[PDB]
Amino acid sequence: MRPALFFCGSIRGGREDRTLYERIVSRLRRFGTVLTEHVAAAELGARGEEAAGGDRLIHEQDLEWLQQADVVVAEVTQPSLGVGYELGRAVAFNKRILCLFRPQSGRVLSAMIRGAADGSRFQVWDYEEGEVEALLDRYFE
């Protein structure tokens, strides 16, 4: 009955504010089964070069979860190759996509991502750190 929800976010974004990713995923649990290899990706990344096979396994498993997901939820405040790639695969798999961007960070969101948005299937919601639960509530109701 509940939709499957993939979550990822830059490894830098999660380290700079540990609470945020926890709150996003916690609130998503109100609304569906969450899939994410975020923690694994963070750790294997750190390990770097010698974690090659672990990278392969993560790629394959995230790819599996992207295919299972009904909604892909991406925190796109910090630049990330991995999040970008997932979104690209997600677009090719015809998923519904919700990107969460913090404009206060003083970054500007990639034009590739903004230009992908159509405000229906692919939405980008600009939010402030303290309103992320209200935002997810609005989207999933």
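Heads up: residue numbers just count along the shown sequence, starting at 1.
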property: Given 103-111 and 59-67, the range whose Cα B-factors average higher in the PDB entry; result: 103-111
property: Average Cα temperature factor in the PDB entry - higher stretch of 45-53, 84-92; result: 45-53
property: Candidate residues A116, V76, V39, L98, the one whose C-alpha B factor the record puts highest; result: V39
property: Among modelled residues of the same chain, the CA temperature factor third for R15; result: highest
property: Chain-wide C-alpha B factor ranking for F7, given as lowest, middle or highest third; result: lowest
